[PDB]
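S.K.: Just passing along the structure, written as structure tokens.
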Amino acid sequence: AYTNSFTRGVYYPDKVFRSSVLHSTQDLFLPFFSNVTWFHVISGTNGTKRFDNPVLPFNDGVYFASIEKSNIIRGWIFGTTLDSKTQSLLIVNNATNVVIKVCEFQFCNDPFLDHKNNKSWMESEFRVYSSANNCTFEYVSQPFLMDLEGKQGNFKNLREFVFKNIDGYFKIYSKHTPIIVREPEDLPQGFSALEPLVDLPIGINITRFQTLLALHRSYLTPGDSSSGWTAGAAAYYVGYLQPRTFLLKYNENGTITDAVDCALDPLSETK
Amino acid sequence: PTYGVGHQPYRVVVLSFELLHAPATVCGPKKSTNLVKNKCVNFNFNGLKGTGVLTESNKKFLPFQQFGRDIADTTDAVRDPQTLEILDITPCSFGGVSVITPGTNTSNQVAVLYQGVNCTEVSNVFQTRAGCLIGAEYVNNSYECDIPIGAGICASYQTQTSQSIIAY
Amino acid sequence: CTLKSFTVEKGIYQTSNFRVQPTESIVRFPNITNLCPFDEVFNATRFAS
């Protein structure tokens with residue numbers, strides 16, 4: 001399946017304060033009106049569906065934006081040759097802490113995390129770990145990226161992610177918003193910038209990408225409605241990046257209002 | 001224990017400093033000074049450098065930005081590293097100097113005019129719209145313009161009835 | 001010396017460039033912290049062979 005991205009994927013530039021100016025820069029942004037590959041697990045509930053396990057290649061960036069009320073996706077592990085010689089990169093954000101670790105171990109190919117999302121087990125049993133050989137770096141931080149409230153329940157939560165591989169770093173952007181209950185393939189038309197959170201100084205050369213899905217043990221009331229149990233309401237979107245000039249506008253406080261793709265039509269070039 | 005100096009055990013720690021092809025991490029420790037405010041001095045922050053007067057501006061920056069640019073792509077706002085306070089920098093004082101001479105054949109008295117100053121960055125002292133005029137007194141009369149100064153201010157070597165350059 | 005003569009006529013003549021020079025230097029870096037466990041915990045007496 002495919003969808004249309006009106007105007008999204010515009011992250012914040014370098015940490016430079018600009019107010020009421022029109023600055024243009026060249027970086028790996030997301031072009032407007034682009035085709036986004038939708039490879040979400042169709043169902044599973046009331047009709048077992050095939051677990052979507054897309055080994056999509058990491059091509060100079062990826063645009064991840066999931067619409068979920070409860071946490072259904074945990075890991076965004078990368079890699080190039082995921083059999084014996086590849087340093088893993090776990091971005092699992094459970095309830096306790098983050099599991100950022102680049103230790104060298106046996107790489108597996110399990111689509112789910114372990115099993116048994118019920119309350120009887122822990123938050124995330126690391127059954128994917130076979131045997132460690134030699135570790136290099138582990139960022140076990142307390143603040144986790146997964147920040148789900150789940151107060152009203154009727155309104156979902158859209159949390160975007162922008163992953164880019166720097167020559168000597170690994171920048172990670174994220175941004176959440178209380179998206180209202182809507183039908184699939186109905187992304188809200190509106191500008192929204194992502195705030196920089198962390199910057200891992202890693203020097204690995206990843207080429208492919210393979211995520212994993214895991215349901216949190218904090219099982220709420222049975223969501224018989226469409227905005228309830230999100231076991232079969234995944235929104236796994238993937239968008240590639242490419243170099244393109246963008247014109248950014250700043251407000252009187254330091255926030256970005258909108259942006260111009262600079263290549264859409266002869267009218268945009270004149271602007 | 002009852003042995004010679006050739007039996008003493010030596011616990012040796014072998015440092016192997018390594019610098020490969022990846023982000024470096026074991027660097028060296030750094031120091032700091034105090035915060036001299038209101039003085040045109042040099043500042044050397046983590047990444048930015050320069051000189052000027054350090055002040056305090058009422059700006060609200062997002063908690064991830066550290067640098068600051070202006071309309072002309074110039075550094076104008078900074079952030080205190082170990083204090084998290086909004087500091088504002090201003091260029092050091094400067095300007096031009098002009099000399100008013102009524103003629104060597106008449107007298108040798110001259111006057112100076114520092115363009116762009118409020119009579120504060122270094123004798124009759126009078127503030128005008130072009131700078132600080134040092135060496136002339138402002139007369140409340142009105143005559144013809146002889147030496148144009150600026151913004152309607154004119155000067156002429158006149159008598160005070162001793163002669164001096166007067167301003168009007 | 002600017003006009004290259006010994007007789008100056010009546011008028012105003014722009015000359016020099018007033019300038020205040022910088023003085024001290026202030027260095028500021030973040031609260032040190034993250035002291036590495038660069039010492040084997042008080043060189044624990046327990047050593048291998």
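Just so we're on the same page: first chain in the structure tokens is A, next is B, and so on; residues restart at 1 for each chain, and ligands are numbered from 1 in the order they show up.
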Please provide the set of residues having any atom within 8 Å of stretch 37-51 of chain B, restricted to only C-alpha atoms, with same-chain residues fewer than 6 positions apart removed, written as a tab-separated table (two decimals) with N, CA, C and O atoms, in the first residue's frame.
M.R.:
chain	number	residue	atom	x	y	z
B	67	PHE	N	24.17	28.44	20.43
B	67	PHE	CA	24.71	29.57	19.68
B	67	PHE	C	23.61	30.59	19.42
B	67	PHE	O	22.50	30.50	19.96
B	81	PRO	N	27.63	28.21	29.78
B	81	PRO	CA	27.71	26.74	29.81
B	81	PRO	C	27.31	26.13	31.15
B	81	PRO	O	26.45	25.25	31.20
B	91	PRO	N	29.24	44.90	20.46
B	91	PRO	CA	30.57	45.27	19.98
B	91	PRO	C	31.22	46.33	20.85
B	91	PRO	O	30.55	47.14	21.48
B	92	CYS	N	32.55	46.30	20.89
B	92	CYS	CA	33.31	47.27	21.66
B	92	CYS	C	33.13	48.67	21.07
B	92	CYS	O	32.75	48.84	19.91
C	21	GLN	N	40.08	49.21	23.18
C	21	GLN	CA	40.68	47.87	22.93
C	21	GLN	C	40.20	46.86	23.98
C	21	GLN	O	39.88	47.29	25.11
C	22	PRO	N	40.12	45.55	23.65
C	22	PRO	CA	39.75	44.52	24.64
C	22	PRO	C	40.79	44.37	25.76
C	22	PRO	O	41.91	44.81	25.57
C	23	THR	N	40.41	43.74	26.87
C	23	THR	CA	41.34	43.66	28.03
C	23	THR	C	41.55	42.21	28.47
C	23	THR	O	42.51	41.58	27.96
C	24	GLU	N	40.70	41.70	29.36
C	24	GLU	CA	40.88	40.36	29.92
C	24	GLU	C	40.28	39.32	28.98
C	24	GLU	O	39.84	39.63	27.86
C	25	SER	N	40.31	38.07	29.46
C	25	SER	CA	39.76	36.94	28.68
C	25	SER	C	38.94	36.07	29.64
C	25	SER	O	39.44	35.79	30.74
C	26	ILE	N	37.74	35.68	29.23
C	26	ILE	CA	36.88	34.86	30.12
C	26	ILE	C	36.69	33.51	29.45
C	26	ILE	O	36.27	33.50	28.28
C	27	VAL	N	37.05	32.41	30.12
C	27	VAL	CA	36.74	31.07	29.53
C	27	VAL	C	35.67	30.42	30.40
C	27	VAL	O	35.75	30.53	31.62
C	28	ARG	N	34.66	29.85	29.77
C	28	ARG	CA	33.58	29.17	30.52
C	28	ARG	C	33.24	27.86	29.81
C	28	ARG	O	32.98	27.90	28.60
C	29	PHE	N	33.30	26.74	30.53
C	29	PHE	CA	32.95	25.42	29.96
C	29	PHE	C	31.96	24.80	30.94
C	29	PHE	O	31.83	25.36	32.04
S.K.: Specify as a list in words all residues of chain B found within 6 Å of chain A, counting only C-alpha atoms.
M.R.: residues 22, 23, 65, 67 and 68 of chain B
S.K.: Please report as a Markdown table every residue of chain B lying within 9 Å of chain C, along with the nearest atom pair and their distance in Å (one decimal), using only C-alpha atoms.
M.R.:
| residue | atom | partner | partner_atom | distance |
| --- | --- | --- | --- | --- |
| B:11 | CA | C:47 | CA | 7.8 |
| B:29 | CA | C:32 | CA | 7.5 |
| B:30 | CA | C:29 | CA | 7.1 |
| B:31 | CA | C:29 | CA | 6.9 |
| B:32 | CA | C:28 | CA | 4.7 |
| B:33 | CA | C:27 | CA | 5.6 |
| B:34 | CA | C:26 | CA | 6.8 |
| B:35 | CA | C:26 | CA | 6.8 |
| B:36 | CA | C:26 | CA | 7.4 |
| B:39 | CA | C:23 | CA | 8.4 |
| B:40 | CA | C:22 | CA | 5.5 |
| B:41 | CA | C:22 | CA | 4.5 |
| B:42 | CA | C:25 | CA | 4.6 |
| B:43 | CA | C:26 | CA | 4.9 |
| B:44 | CA | C:27 | CA | 5.0 |
| B:45 | CA | C:28 | CA | 5.5 |
| B:46 | CA | C:29 | CA | 6.1 |
| B:51 | CA | C:22 | CA | 6.7 |
| B:52 | CA | C:22 | CA | 7.3 |
| B:80 | CA | C:28 | CA | 7.3 |
| B:81 | CA | C:30 | CA | 4.7 |
| B:82 | CA | C:30 | CA | 4.2 |
| B:83 | CA | C:30 | CA | 8.0 |
| B:92 | CA | C:20 | CA | 6.5 |
| B:93 | CA | C:20 | CA | 5.4 |
| B:94 | CA | C:19 | CA | 4.3 |
| B:95 | CA | C:18 | CA | 5.1 |
| B:96 | CA | C:17 | CA | 4.3 |
| B:97 | CA | C:16 | CA | 4.8 |
| B:98 | CA | C:14 | CA | 3.9 |
| B:99 | CA | C:13 | CA | 5.3 |
| B:100 | CA | C:12 | CA | 4.3 |
| B:101 | CA | C:11 | CA | 5.8 |
| B:102 | CA | C:10 | CA | 4.5 |
| B:103 | CA | C:10 | CA | 4.4 |
| B:104 | CA | C:8 | CA | 5.7 |
| B:105 | CA | C:7 | CA | 7.8 |
| B:113 | CA | C:14 | CA | 8.9 |
| B:114 | CA | C:18 | CA | 7.4 |
| B:115 | CA | C:18 | CA | 8.8 |
| B:121 | CA | C:20 | CA | 8.3 |
| B:146 | CA | C:11 | CA | 8.5 |
| B:147 | CA | C:11 | CA | 6.0 |
| B:148 | CA | C:12 | CA | 7.8 |
| B:149 | CA | C:12 | CA | 7.9 |
S.K.: Could you dump the residues just selected with N, CA and C atoms as a short mmCIF file (atom, residue, chain, number, x, y, z; two decimals), in the first residue's frame?
M.R.:
data_model
loop_
_atom_site.label_atom_id
_atom_site.label_comp_id
_atom_site.auth_asym_id
_atom_site.auth_seq_id
_atom_site.Cartn_x
_atom_site.Cartn_y
_atom_site.Cartn_z
N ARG B 11 52.57 -4.65 41.38
CA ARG B 11 51.32 -4.61 40.60
C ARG B 11 51.47 -3.52 39.54
N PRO B 29 40.63 17.28 30.81
CA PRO B 29 39.72 18.13 31.59
C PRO B 29 39.90 19.62 31.26
N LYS B 30 38.87 20.44 31.52
CA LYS B 30 38.94 21.88 31.17
C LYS B 30 38.65 22.72 32.40
N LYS B 31 38.97 24.01 32.35
CA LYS B 31 38.80 24.87 33.55
C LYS B 31 37.75 25.94 33.25
N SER B 32 37.75 27.02 34.03
CA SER B 32 36.79 28.13 33.83
C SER B 32 37.31 29.36 34.56
N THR B 33 36.69 30.51 34.33
CA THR B 33 37.07 31.74 35.06
C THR B 33 35.80 32.28 35.69
N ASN B 34 35.75 33.59 35.94
CA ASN B 34 34.50 34.17 36.47
C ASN B 34 33.79 34.86 35.33
N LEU B 35 32.70 35.57 35.63
CA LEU B 35 31.92 36.23 34.56
C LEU B 35 32.02 37.74 34.73
N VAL B 36 32.94 38.37 34.01
CA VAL B 36 33.12 39.84 34.11
C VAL B 36 32.06 40.50 33.23
N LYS B 39 32.07 44.69 30.62
CA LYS B 39 33.38 45.16 30.20
C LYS B 39 33.69 44.59 28.82
N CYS B 40 34.23 45.43 27.94
CA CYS B 40 34.66 44.99 26.62
C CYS B 40 35.93 44.16 26.78
N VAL B 41 35.77 42.83 26.76
CA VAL B 41 36.88 41.90 26.92
C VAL B 41 36.67 40.74 25.94
N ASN B 42 37.66 39.85 25.90
CA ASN B 42 37.59 38.67 25.05
C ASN B 42 36.86 37.54 25.78
N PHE B 43 36.09 36.77 25.02
CA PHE B 43 35.40 35.60 25.55
C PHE B 43 35.72 34.39 24.69
N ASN B 44 35.94 33.25 25.34
CA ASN B 44 36.29 32.00 24.67
C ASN B 44 35.39 30.90 25.23
N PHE B 45 34.24 30.69 24.60
CA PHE B 45 33.31 29.66 25.01
C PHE B 45 33.71 28.33 24.37
N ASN B 46 32.82 27.34 24.41
CA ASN B 46 33.14 26.01 23.91
C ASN B 46 33.52 26.04 22.43
N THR B 51 35.20 39.14 20.98
CA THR B 51 35.39 40.15 22.02
C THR B 51 34.20 41.10 22.02
N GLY B 52 33.95 41.70 23.18
CA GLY B 52 32.85 42.63 23.32
C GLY B 52 32.41 42.73 24.76
N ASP B 80 25.39 30.70 28.81
CA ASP B 80 26.39 30.34 29.81
C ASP B 80 26.45 28.82 29.94
N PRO B 81 27.63 28.21 29.78
CA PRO B 81 27.71 26.74 29.81
C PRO B 81 27.31 26.13 31.15
N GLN B 82 27.94 26.59 32.24
CA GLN B 82 27.73 26.00 33.55
C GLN B 82 26.77 26.81 34.41
N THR B 83 26.00 27.71 33.81
CA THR B 83 25.01 28.49 34.54
C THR B 83 23.64 28.55 33.86
N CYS B 92 32.55 46.30 20.89
CA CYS B 92 33.31 47.27 21.66
C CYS B 92 33.13 48.67 21.07
N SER B 93 33.41 49.67 21.90
CA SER B 93 33.21 51.05 21.48
C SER B 93 34.25 51.47 20.45
N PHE B 94 33.80 52.20 19.43
CA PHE B 94 34.68 52.71 18.38
C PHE B 94 33.97 53.85 17.67
N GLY B 95 34.71 54.51 16.79
CA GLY B 95 34.15 55.62 16.04
C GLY B 95 35.24 56.38 15.31
N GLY B 96 34.83 57.50 14.72
CA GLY B 96 35.75 58.35 13.98
C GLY B 96 36.03 59.67 14.66
N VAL B 97 37.15 60.30 14.31
CA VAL B 97 37.58 61.56 14.91
C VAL B 97 37.75 62.59 13.81
N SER B 98 37.20 63.78 14.03
CA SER B 98 37.33 64.90 13.10
C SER B 98 37.84 66.12 13.85
N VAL B 99 38.57 66.97 13.14
CA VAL B 99 39.18 68.17 13.71
C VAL B 99 38.64 69.39 12.98
N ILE B 100 38.24 70.40 13.75
CA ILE B 100 37.73 71.66 13.21
C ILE B 100 38.79 72.72 13.44
N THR B 101 39.26 73.33 12.35
CA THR B 101 40.29 74.36 12.41
C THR B 101 39.79 75.63 11.75
N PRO B 102 39.80 76.77 12.44
CA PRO B 102 39.35 78.03 11.84
C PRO B 102 40.39 78.74 10.99
N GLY B 103 41.56 78.14 10.78
CA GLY B 103 42.60 78.79 9.99
C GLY B 103 43.83 79.05 10.84
N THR B 104 44.99 78.63 10.31
CA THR B 104 46.24 78.80 11.04
C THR B 104 46.67 80.27 11.09
N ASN B 105 46.29 81.06 10.08
CA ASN B 105 46.67 82.47 10.06
C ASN B 105 45.93 83.29 11.11
N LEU B 113 35.75 66.34 17.36
CA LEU B 113 34.39 65.82 17.31
C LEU B 113 34.47 64.31 17.12
N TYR B 114 34.06 63.56 18.14
CA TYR B 114 34.06 62.10 18.09
C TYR B 114 32.71 61.63 17.56
N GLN B 115 32.70 61.10 16.34
CA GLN B 115 31.46 60.66 15.73
C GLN B 115 30.98 59.36 16.37
N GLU B 121 32.47 57.68 26.33
CA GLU B 121 33.66 56.89 26.02
C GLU B 121 34.84 57.81 25.69
N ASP B 146 28.94 79.11 9.25
CA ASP B 146 30.29 79.22 8.71
C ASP B 146 30.95 77.86 8.51
N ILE B 147 30.98 77.03 9.55
CA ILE B 147 31.54 75.69 9.46
C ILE B 147 30.42 74.68 9.73
N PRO B 148 29.98 73.93 8.73
CA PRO B 148 28.88 72.98 8.95
C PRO B 148 29.34 71.78 9.77
N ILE B 149 28.58 71.46 10.81
CA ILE B 149 28.86 70.32 11.68
C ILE B 149 27.90 69.16 11.40
#
S.K.: Between atom CA of residue A:134 and atom CA of residue A:106, measure the distance and give it in Å to one decimal.
M.R.: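 Atom-to-atom, atom CA of residue A:134 and atom CA of residue A:106 are spaced 10.9 Å apart.
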S.K.: Pick out each residue of stretch 64-154 of chain B that DSSP on the backbone tags as strand (DSSP E); I need them as a ChimeraX atom specification.
M.R.: /B:77-79,86-90,96-101,111-115,125-127,131-134,137-138,147-150,153-154
S.K.: When you count only C-alpha atoms, which of these residues is closest to residue A:250: A:24, A:224, A:103, A:44?
M.R.: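 Between A:24, A:224, A:103, A:44, the residue approaching residue A:250 most closely is A:24.
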S.K.: Atom CA of residue C:37 and atom CA of residue B:15, how far apart in Å?
M.R.: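 Atom CA of residue C:37 lies 14.0 Å from atom CA of residue B:15.
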S.K.: Find the residues around residue A:220 up to 9 Å (only C-alpha atoms counted), leave out those fewer than 2 positions away in its own chain, and share them as a CSV table (one decimal) with N, CA and C atoms, in the first residue's frame.
M.R.:
chain,number,residue,atom,x,y,z
A,70,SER,N,-1.6,2.5,22.5
A,70,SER,CA,-0.8,1.7,23.3
A,70,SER,C,0.5,1.3,22.6
A,218,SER,N,1.3,-3.6,30.2
A,218,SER,CA,0.2,-2.8,30.8
A,218,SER,C,-1.0,-2.8,29.9
A,222,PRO,N,-10.5,-4.0,27.6
A,222,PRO,CA,-10.6,-4.5,26.3
A,222,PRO,C,-11.2,-3.4,25.3
A,223,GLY,N,-10.4,-3.1,24.3
A,223,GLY,CA,-10.8,-2.1,23.4
A,223,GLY,C,-11.5,-2.6,22.2
A,228,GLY,N,-9.5,1.4,20.4
A,228,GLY,CA,-9.2,0.7,21.6
A,228,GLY,C,-7.9,-0.1,21.5
A,229,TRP,N,-8.1,-1.4,21.4
A,229,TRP,CA,-7.0,-2.4,21.3
A,229,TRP,C,-6.3,-2.2,19.9
S.K.: Grab the atom CA of residue A:67 to atom CA of residue A:216 distance for me, in Å with one decimal place.
M.R.: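 Interatomic distance, atom CA of residue A:67 to atom CA of residue A:216: 15.4 Å.
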